[PDB]
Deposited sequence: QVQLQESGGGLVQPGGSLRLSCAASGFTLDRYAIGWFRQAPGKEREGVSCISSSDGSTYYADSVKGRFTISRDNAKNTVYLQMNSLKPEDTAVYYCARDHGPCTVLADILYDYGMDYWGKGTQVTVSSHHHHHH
């Protein structure tokens, strides 16, 4: 019955904000690293951010996105400010038994499990 549920997607204008939610059901997520990934349609999934039980940010979202974890709410959040059209994509969350692992500035995802169904993010003028 383990589950990860993304929400918070929506449609905003450039410079707007959203907050994505990754809610754990049936386990406590503070024993796990939680990674945020995104996939524009037709393109390869890319790492966006990760929080372990430090933090990882893709260069393109540094200073605009903030990952955080609410232990009581059994949820990890991604606050996305100053959104740009390049940020449009389907955003996914997943859990890792290991630490946030970065190789050659890429978030390692082969340990990632229980991928949520994804939440759509669109930034358009």
List the gaps, meaning deposited-sequence segments with no CA coordinates, ordered along the sequence.
54-56, 129-134
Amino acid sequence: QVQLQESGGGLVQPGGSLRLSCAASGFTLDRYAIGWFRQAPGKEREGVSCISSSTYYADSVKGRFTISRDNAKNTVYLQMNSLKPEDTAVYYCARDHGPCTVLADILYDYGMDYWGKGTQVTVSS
From here on, numbers count along this sequence of modelled residues.
Where do the C-alpha atoms have the higher mean temperature factor in this entry, in 40-48 or in 89-97?
40-48
Stretch with the higher entry mean CA B-factor, where the candidates are 56-64 and 24-32:
24-32
Name the third of the chain's ranked CA B-factors that contains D113, choosing lowest, middle or highest.
highest
Tertile call for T75 (CA temperature factor, within chain, third-based) is the lowest
